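Have a look at the structure below, then the notes.
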Amino acid sequence: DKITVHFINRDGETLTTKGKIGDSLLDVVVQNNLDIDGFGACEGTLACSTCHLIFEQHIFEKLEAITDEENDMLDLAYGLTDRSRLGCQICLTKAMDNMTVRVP
Ligand code: FES
Numbered sequence: 005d006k007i008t009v010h011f012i013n014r015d016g017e018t019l020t021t022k023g024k025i026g027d028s029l030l031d032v033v034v035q036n037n038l039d040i041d042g043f044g045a046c047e048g049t050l051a052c053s054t055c056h057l058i059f060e061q062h063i064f065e066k067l068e069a070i071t072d073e074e075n076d077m078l079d080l081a082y083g084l085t086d087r088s089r090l091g092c093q094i095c096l097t098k099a100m101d102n103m104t105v106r107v108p
C-alpha cells in the first residue's frame, strides 16, 4: 500500500510524495529524488545526522522505541527537538498517511 507524505524542506517549501508501507523515510526521499540538500549522507547506517526529521507530536509518540545508537547520533543533530528522529530508522505505517515531517 502507498501513503502520502509531506516534507517541509529547510527552504520552507513543501514537497509532497508517496511512499510504500514499510519503506524508511530515507527510502522515500531517495526513491522519489526529493531535493533535500545533503539528506541521507550515510545511506541509513547510523553514521550521520543528516536524515534528521521533525515529526508532528501525535505521530512521534507512536514511533518505534529509539535505540541508544540512534539517540547518541541524534543528540548531535542541528535543530534537535523533542519530536526528532533519524528518518532512515523510521518505517512507514498507515498511521502516517498525510503526515508532515520537517527538515531543519
Ligand atoms: S542516513 Fe545517516 S543515520 Fe540516517
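Converting from the sequence shown to the authors' numbering requires adding 4 to each position, the first position being numbered 1. All residues carry an ideal CB built from backbone N, CA and C; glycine is no exception.
Within 10 angstroms of the Cβ of residue i, are there 16 or more other Cβ atoms? Answer buried if so, exposed if not.
{"i": "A99", "result": "exposed"}
{"i": "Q93", "result": "buried"}
{"i": "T54", "result": "buried"}
{"i": "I25", "result": "exposed"}
With hydrogens ignored, establish whether the beta-carbon of residue i is closer than 7 Å to any heavy atom of the ligand FES.
{"i": "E47", "result": "yes"}
{"i": "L30", "result": "yes"}
{"i": "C95", "result": "no"}
{"i": "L67", "result": "no"}
Taking 6 Å as the limit between beta carbons, can you name the residues of its chain near residue i, skipping five residues before and five after?
{"i": "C46", "result": "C52"}
Looking only at its chain, what residues have a beta carbon closer than 8 Å to the beta carbon of residue i, apart from the 5 residues adjacent to it on each side?
{"i": "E74", "result": "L50, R89, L90 and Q93"}
Would you say residue i touches the ligand MG, meaning its beta carbon is less than 7 Å from a heavy atom?
{"i": "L80", "result": "Absence of the ligand MG is noted for the structure shown, with the ligand FES being the only ligands found."}
Is the region 61 to 79 close to the region 32 to 42, with three or more CB pairs under 8 Å? no
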